[PDB]
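Below you will find one chain, with nothing else, as structure tokens; this is the form deposited in one PDB entry, and questions on how it binds or moves follow later.
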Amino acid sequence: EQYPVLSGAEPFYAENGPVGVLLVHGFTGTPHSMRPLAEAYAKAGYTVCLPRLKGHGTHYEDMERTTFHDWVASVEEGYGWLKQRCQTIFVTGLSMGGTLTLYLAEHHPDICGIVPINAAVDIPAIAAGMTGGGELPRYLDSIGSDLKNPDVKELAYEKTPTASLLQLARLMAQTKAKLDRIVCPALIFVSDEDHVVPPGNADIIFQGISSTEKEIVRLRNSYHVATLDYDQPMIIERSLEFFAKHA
């Protein structure tokens, strides 16, 4: 990985109480989208790990070299960091961060609870792009930022490698097929007007998981990047309530 990490894309750690929260940012995104959550959780006395996914926060040419196994490894590392100083671990994530949240819970039953936010397990737009017939460039122009608050700017790549999109699709496929192995408590956030990840994904995750304790909280004044959007304080308040309930 050959480019410098952008300002605001650095990983974030905090060693506080014996209860830990792993925060996973999204595809082409940076820890910048999860930072206000991580700080709010850290102030509440929680040990937080906000890792920077491999190939992210630098340059899109760096991400092109990475597989989803790399992104998983970045999260498994954060999970291992939390596992060495916590006995109870929650995982939360936005978009693909939500996908990796689900992925982790499918492999680690010790997860006390998960809080996916606009998690993606099925994006029909990807399949639609490679059946168009036309030539498919090596790098595609990224989808515009999906935020209701106009004063907020997201830290994400201007371009998206085709190879990375294929890696994302494979991750979502393996994640969606293994949903029934999640039994831990789940707090699913979903924006009604998500223009990137179809809101129906929350339904798929809800019906897929074997968790007896699951709930869908619907965000009404936020687009895709809800964690920076208007419903940020609500997400924080609900999550802390969720954490304290199962800690």
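In this text, rigid core is short for the largest set of C-alphas that superpose within 1.5 Å between two forms. Residues that one form lacks are left out of the comparison. The first residue of the shown sequence is 1; numbering continues from there.
The next section is about a form of this same protein that is not shown, the form deposited in another entry.
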inquiry  = Once the rigid core is superposed, exactly one of 137, 109, 124, 134 has its CA displaced by 2 Å or more between this form and the one not shown; which residue is that?
reply    = 134
note = Quick read on residue 134 and residue 67 CA atoms in the other form, 3 Å or more from the shown distance, and they're closer
message = Thinking of the 3 angstroms or more shift, are the C-alphas of residue 140 and residue 128 brought closer or pushed farther apart in the other form than in this view?
response = closer
key: Core-referenced shifts between this form and the one not shown - contiguous stretches of at least three, CA at least 2 Å   = 127-134
